[PDB]
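*Asks:* Pasting a structure here, questions to come.
All Cβ positions, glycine included, derive from the backbone under ideal geometry; neighbour counts span all protein chains shown. Please treat every number below as a calculation from the coordinates, not as lab data.
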Amino acid sequence: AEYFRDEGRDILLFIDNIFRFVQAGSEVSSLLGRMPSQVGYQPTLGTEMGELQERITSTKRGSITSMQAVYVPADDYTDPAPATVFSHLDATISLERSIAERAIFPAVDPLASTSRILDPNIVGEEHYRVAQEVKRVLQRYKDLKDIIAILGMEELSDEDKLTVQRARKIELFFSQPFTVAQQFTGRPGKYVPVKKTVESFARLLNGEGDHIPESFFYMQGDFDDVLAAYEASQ
Amino acid sequence: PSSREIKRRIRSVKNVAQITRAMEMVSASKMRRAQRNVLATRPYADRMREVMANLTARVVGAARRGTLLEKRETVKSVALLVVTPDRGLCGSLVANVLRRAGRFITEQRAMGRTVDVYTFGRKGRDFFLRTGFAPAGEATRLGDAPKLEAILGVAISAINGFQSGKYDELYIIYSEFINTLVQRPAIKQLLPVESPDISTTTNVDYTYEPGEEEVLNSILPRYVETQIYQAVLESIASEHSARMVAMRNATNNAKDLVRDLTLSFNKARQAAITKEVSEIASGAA
């Protein structure tokens, strides 16, 4: 890829499972006789990750719009390999097992996911406001998980009831059917533009769509599709 | 995940489960005393109902059917009686009754009729204050085993507003005690239609020494007052049953969370011991 970058070509790098690079390094290092560090990892995992990652950089001659994938062992995000991967990123996305088991298959955990360009003057003030407000309401649901589990939804305040209902509708609405997942979700793909996403979530936070039961937010594109589904169901 | 914070979480949830079991058994005791009070109060209304049946059978003249017997035409203003638990943790009972009151208000406004609501219990009062429609009359801090004098403060106000023409029809919504598992709201009227307890099965002409007008004027307020009393006492029984069920479910959920947290704590302890032993073994080598 570096040759195409040096000529100015806009390269897309799709390296898959960089954790397996780290794991192979760990195995060979164990064979090589180096003392292990932390959970049986090579002592030079930081330097190895630095050497591999720093070559993945957009240069003034040409830009590499990289996109990696990482495998956390077990589900421990504190493992050394993902831990070293985190500090080498501009847009981190974290997929949680709990969300995936609920059939919200994009499974992106909004709270743990973030990006550097989520700046009011880089991605737009409206986009920033909507994203931050979505995280806030979600964070609130995370705080109230225990109360909702034990005492139930009824006990907590009416404002908190509304925020929790909106948060559930949100995390359902993050679900989306992809073109490549047709054989699992019978619905076809949805290429929701960023503008439609911002408008849809702004409307959802505003109140537009509060009457809609949360079930209709599962596997839909922009908010117009949710409205059409609800109206079709009357 | 630290194997010590999880211990604190387990201890806290265990305390939650224990306090919730206490809530469940006390609420069961209150539910049983409330059901006993319902049974004890039952005979009075049980007798007044056929009295209403007979009186309605006798009084047929629309002109002499005054007071609460005026089926006034061109309905403008209607009053509704909502009875709610004093405190929370009742489950979905308050949600059900308040949603019923809300749809009632919307339907009455659809007919262009102004509505006024009198709230029994703090939760109804607070809900209606927050919605922005202040209740005209409220009777909070009601006892577990209230006396009819407590409900008089709202009943006499409602009937005075009825007689003066301020309100034309009177309704009551309360948490009906269908069963110890289900307590749905139920709407009832307080404008005696034909007293359908036993219809007009009994047919004995009575002498009204006070007089027909005096008899009706004295008895109809009493009948609506005992109807309100019965609804409030039924609602108290439903409240206690619903709290008992809600606490039973909460205790079960707390025990399930204790099991889940114990599993997580066990896994954390095993991982901590593995890290311990691996580090000391590596230091040995």
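*Asks:* Among helices (runs of 4 or more DSSP H) lying entirely in the stretch B:92-166, which contain 3 or more residues that are within 14 Å of chain A (Cβ to nearest Cβ) and either of a type in the set (A, V, I, L, M) or under 24 Å from B:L68 (Cβ atoms) (or both)? Before the answer, list the steps.
*Replies:* Working: elements: B:93-110, B:122-131, B:148-163.
Per the criteria, B:93-110.
*Asks:* Restricted to the stretch A:122-168, and to residues that are within 14 Å of another protein chain (Cβ to nearest Cβ) and charged (D, E, K, R), which residue is nearest to B:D126 (Cα to Cα)?
*Replies:* A:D158
*Asks:* Scan B:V16, B:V26 and give me the residue that is assigned to a helix (DSSP H, G or I) and either more than 24 Å from the chain's Cα centre (by Cα) or touching a residue at least 24 places away in the same chain (Cβ under 8 Å) (or both). Steps first, please.
*Replies:* Details: B:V26 fails: either more than 24 Å from the chain's Cα centre (by Cα) or touching a residue at least 24 places away in the same chain (Cβ under 8 Å) (or both).
Going through B:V16, B:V26 in turn, the sole match is B:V16.
*Asks:* Hey, any hits in the stretch B:120-134 for a residue that's touching a residue at least 24 places away in the same chain (Cβ under 8 Å), hydrophobic (A, V, I, L, M, F, W, C) and touching a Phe, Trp or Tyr at 6+ places or on another chain (Cβ under 8 Å)?
*Replies:* The answer is no, given that none of the residues of the stretch B:120-134 is touching a residue at least 24 places away in the same chain (Cβ under 8 Å), hydrophobic (A, V, I, L, M, F, W, C) and touching a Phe, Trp or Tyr at 6+ places or on another chain (Cβ under 8 Å).
*Asks:* Considering each residue of the stretch B:12-35, count those that are surrounded by 12 or more Cβ atoms within 10 Å (Cβ to Cβ) and within 14 Å of chain A (Cβ to nearest Cβ), and give that number.
*Replies:* 11
*Asks:* Counting only residues that are touching a helix residue (DSSP H, G or I) at 6+ places or on another chain (Cβ under 6 Å) and within 14 Å of chain A (Cβ to nearest Cβ), which one in the stretch B:215-243 is nearest to B:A79 (Cα to Cα)?
*Replies:* Taking the candidates together, the pick is B:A242.
*Asks:* Would you confirm, using the coordinates I've provided, whether B:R47 is of a type in the set (K, R), within 30 Å of B:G211 (Cα to Cα), under 25 Å from the mean Cα position of the chain (by Cα) and not in a strand (DSSP E or B)? Full working, then the answer.
*Replies:* Working: of a type in the set (K, R): yes; within 30 Å of B:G211 (Cα to Cα): yes; under 25 Å from the mean Cα position of the chain (by Cα): yes; not in a strand (DSSP E or B): yes.
It is true that B:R47 is of a type in the set (K, R), within 30 Å of B:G211 (Cα to Cα), under 25 Å from the mean Cα position of the chain (by Cα) and not in a strand (DSSP E or B).
*Asks:* May I ask you to say which residue of B:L263, B:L220 is in a helix (DSSP H, G or I), aliphatic (A, V, I, L, M) and within 30 Å of B:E194 (Cβ to Cβ)?
*Replies:* Numbers: B:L263 fails: within 30 Å of B:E194 (Cβ to Cβ).
Sole residue among the options that is in a helix (DSSP H, G or I), aliphatic (A, V, I, L, M) and within 30 Å of B:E194 (Cβ to Cβ): B:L220.
*Asks:* Within the stretch B:253-285, track down each residue that is of a type outside the set (D, E, K, R) and surrounded by fewer than 14 Cβ atoms within 10 Å (Cβ to Cβ). Write out each step before concluding.
*Replies:* Keep residues of the stretch B:253-285 that are of a type outside the set (D, E, K, R), which gives B:253-254, B:257-258, B:261-266, B:268, B:270-274, B:277-278, B:280-285.
The answer is B:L263, B:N266, B:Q270, B:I273, B:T274, B:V277, B:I280, B:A281, B:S282, B:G283, B:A284, B:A285.
*Asks:* If you don't mind, another one. Can you find a residue in the stretch A:172-186 that is within 18 Å of A:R136 (Cα to Cα) and touching a strand residue (DSSP E or B) at 6+ places or on another chain (Cβ under 7 Å)?
*Replies:* Of the stretch A:172-186, the ones within 18 Å of A:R136 (Cα to Cα) are A:172-174.
After this cut, where a residue has to be touching a strand residue (DSSP E or B) at 6+ places or on another chain (Cβ under 7 Å) as well, the list is A:174.
Within the stretch A:172-186, one or more residues are within 18 Å of A:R136 (Cα to Cα) and touching a strand residue (DSSP E or B) at 6+ places or on another chain (Cβ under 7 Å).
*Asks:* Would you tally the residues in the stretch B:64-91 being within 14 Å of chain A (Cβ to nearest Cβ) and either crowded, with 22+ Cβ neighbours inside 10 Å or assigned to a strand (DSSP E or B) (or both)?
*Replies:* Residues of the stretch B:64-91 that are within 14 Å of chain A (Cβ to nearest Cβ), as a first pass: B:84-85, B:87-91.
From what is left, the residues that are either crowded, with 22+ Cβ neighbours inside 10 Å or assigned to a strand (DSSP E or B) (or both) are B:84-85, B:90-91.
The number of residues fulfilling the criteria is 4.
*Asks:* A further question on this structure: For the stretch B:119-146, what are the residues that are out of contact with any helix residue (DSSP H, G or I) (no Cβ under 9 Å at 6 or more places or on another chain) and either under 17 Å from B:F104 (Cα atoms) or loosely packed, with under 15 Cβ neighbours inside 10 Å (or both)? I'd like the intermediate steps shown before the answer.
*Replies:* Step one: list which residues in the stretch B:119-146 are out of contact with any helix residue (DSSP H, G or I) (no Cβ under 9 Å at 6 or more places or on another chain), which gives B:122, B:125-126, B:129, B:132.
Those that are out of contact with any helix residue (DSSP H, G or I) (no Cβ under 9 Å at 6 or more places or on another chain) and either under 17 Å from B:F104 (Cα atoms) or loosely packed, with under 15 Cβ neighbours inside 10 Å (or both): B:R125, B:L129, B:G132.
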